[PDB]
Every structure is written in C-alpha cells, then in structure tokens.
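**Q** just dropping in an experimental structure and the matching sequence.
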Amino acid sequence: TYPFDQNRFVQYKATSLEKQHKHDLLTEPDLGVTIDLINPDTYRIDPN
Amino acid sequence: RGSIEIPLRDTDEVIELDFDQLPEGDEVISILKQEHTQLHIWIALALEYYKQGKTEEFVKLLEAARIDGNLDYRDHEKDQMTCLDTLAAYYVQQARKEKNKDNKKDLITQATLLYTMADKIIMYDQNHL
C-alpha cells in the first residue's frame, strides 16, 4: 500500500467552495424591518 | 411639536411643557392628573417622547395612563383602547430589542395580559390582530 499522509488539514483551500457561497441575511426574521402601523406618524401620500 | 398644550381644570389652555428638555415622565403623570386632563394628551406626549427618541420611558409613563381610562372624560374609553393598544404593540416591539439581562417574556407577559384588557371593550382592531 502507499503510505498516505493523513489529510487532517486544509491548505488548497476549500476557498473555491467557500466564496462561491452567497450568505443569507437573517438578522431579523421579519426581514430587518420593525413591522408597525403606529410608527408611521408621517406619510408621503399627502401632497406631495 | 416641541411644546404642545396641557389643559388645566380652571382657565384651561394656559400651560406648556417644552420637550427640548427632558422632564421625568412620572411628574408628567402628576401635572396632567391634578388637571383632570383628557386622555388624548397622554397619547400626544407619549408620541412626543417617542419622537424625542425614547422607547422605554415612553412605554412606561403610558402604564400610568392605563389607570385613567375614563376618569373625568365622558366616554373616552375609545381613548383608553387607543392607549392600551400602544402598549400591546410596543411591549412586544421592545421585547424584540431585548438586552442581555431580561427575558423576552419579561415584556411578553405584560404585552399579553394588557392585551386581554384591551379586548375587554373592543374586538378586532386594526392593531388588536
């Protein structure tokens, strides 16, 4: 048999498999907005 | 705005609280309630505190406005349900900006209990649901 190195370590690296991943944005589960009908004290629907 | 009006019992529409300074909200409860002032002003200065950049004294001074639903108001219980739906929404909102020390339930309990009294008078508000 061949005396293979135990490849317990990454030096290639997997960075081709890594930066291909586009990373989710899940900071706030309702998508980063406070959902409120009271804090719209203002409205652009008025003129103009 | 930066100073709206707080009506008196006798010779009303005379006194003002300028909101550029920050008074403590508990003495505001006093100076409102020795004057038997209408519940609408409690919402108005709550909005003043919120536009002053406050989310916590804003939401706790209104807890003192939960006592005076119809105190001398001649059926401003519509005004009390408007008061209480603000706490029923902003307790659960301030629970989402929770800190390292309290629990989410440390505000969700107060949100859920006060919502029960919010549904005692009025059902299926645009904010109840």
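**A** The structure has been received and is ready for your questions. Numbers count the residues shown, from 1 in each chain, chains lettered A, B, ... in the order given.

**Q** torsion angles phi and psi at residue B:72?
**A** phi -140, psi 30 (degrees, to the nearest 10).

**Q** residues contacting it?
**A** By C-beta atoms under 8 Å, 6 or more residues apart in numbering or on different chains, the residues touching residue B:72 are residue B:36. Using the backbone N, CA and C atoms, a C-beta is placed for each residue, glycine as well.

**Q** residues near the residue in chain B positioned nearest to chain A, how many?
**A** Residue nearest to chain A within chain B: residue B:89 (5.9 Å; C-beta to the nearest C-beta). Neighbourhood size, residue B:89 [other C-beta atoms under 10 Å in any protein chain shown]: 21.

**Q** that one against residue A:36, yeah?
**A** Yes: using C-beta atoms under 8 Å, residue B:89 is in contact with residue A:36, at 6.8 Å.

**Q** does residue 48 lie in a helix or a strand, and which?
**A** Just so you know, I chose chain A. Per DSSP states H and E, residue A:48 falls between elements, in no helix or strand.

**Q** could you do chain B instead?
**A** Element membership for residue B:48 (DSSP H and E) is helix B:39-51.

**Q** distance of the residue of chain B closest to chain A from residue B:128?
**A** 10 Å (C-beta to C-beta, to the nearest Å).

**Q** which residue, other than its chain neighbours, is closest to the spatially most central residue of chain B?
**A** In chain B, the centroid-proximal residue (C-alpha atoms, centre = their mean) is residue B:62; its distance is 2.7 Å. Nearest non-adjacent residue to residue B:62, counting by C-beta to C-beta, 6 or more residues apart in numbering or on different chains: residue B:46, 5.2 Å away.

**Q** would you confirm that residue A:45 belongs to a strand?
**A** No: assignment of residue A:45 by DSSP: H, G, I helix; E, B strand; the rest coil gives coil, placing it outside any strand.

**Q** ok but residue B:5 is inside a strand, no?
**A** Yes: judged by three-state DSSP, residue B:5 forms part of a strand.

**Q** buried residues, the longest helix along chain B. List them.
**A** The residue-count maximum for a helix in chain B (DSSP state H) belongs to helix B:77-96. For helix B:77-96, a neighbour-count test (16 or more other C-beta atoms under 10 Å in any protein chain shown) marks B:79-95 as buried.
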